[PDB]
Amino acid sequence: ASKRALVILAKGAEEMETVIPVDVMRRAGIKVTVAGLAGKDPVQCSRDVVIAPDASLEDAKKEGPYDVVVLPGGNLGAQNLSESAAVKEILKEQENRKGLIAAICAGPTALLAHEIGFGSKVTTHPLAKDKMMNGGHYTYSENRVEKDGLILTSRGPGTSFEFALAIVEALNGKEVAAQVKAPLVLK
């Protein structure tokens, strides 16, 4: 049985932080569902790339559970994720079943909004640190990718490959991650 991933795509998401993890997870043989927060319609990302989701979140959330729930960044995308009751329920359920939650850039601020994984070490984009740290509910890290148990976080577009390969390693193991990495021509 293949592992499954839910990637939640909201208006204003950073398109690089969305596409790199989707592509790399699919290279690892993970069944990835790109789910539109607002519905089935294509989504306008932060730099105006328009991506058509595989499903609405409304539909996708009924087809769980998932081995990982992925939250892309982008300031406005993360704000939309943070305001969503559906996202809150999905993340609480994932936390309760001890499943992986992965968030990049401004994405981890949605964990704060929904009170997920308090007491974890986390990283974010440098510009999102103050928002994430409001109330002191996490301990901040400057690592490019941070993993504290089931909370996996990362910093920005330039850490997206490292973030995605960390998800692959967590789900399918180090060897699969190494095999997927090689053809990418990373430095």
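Start at 1 with the first residue shown and count on from there.
Q) Per the PDB record, is the mean Cα temperature factor higher over 34 to 42 or over 156 to 164? A) Taking the mean B-factor of the alpha carbons in each, 34 to 42 is higher.
(Q) Tell me which stretch, 22 to 30 or 65 to 73, has the higher mean Cα B-factor listed in the entry. (A) Averaged over C-alpha atoms, the B-factors run higher in 65 to 73.
**Q.** Assigned third (lowest, middle, highest) for the C-alpha B factor of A10
**A.** It belongs to the lowest third of the chain when residues are ordered by C-alpha B-factor.
Q. Taking the C-alpha B-factors as the PDB entry records them, is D59 in the lowest, middle or highest third of its chain?
A. CA B-factor rank for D59: highest third.
Q. So where's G99 on the chain's Cα temperature factor ranking, which third?
A. Top third by C-alpha B-factor.
(Q) Is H125 in the lowest, middle or highest third of its chain when residues are ranked by C-alpha B-factor? (A) Bottom third by C-alpha B-factor.
(Q) Considering every modelled residue of the chain and its Cα B-factor in the PDB entry, is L150 in the lowest, middle or highest third? (A) It falls in the top third of the chain.
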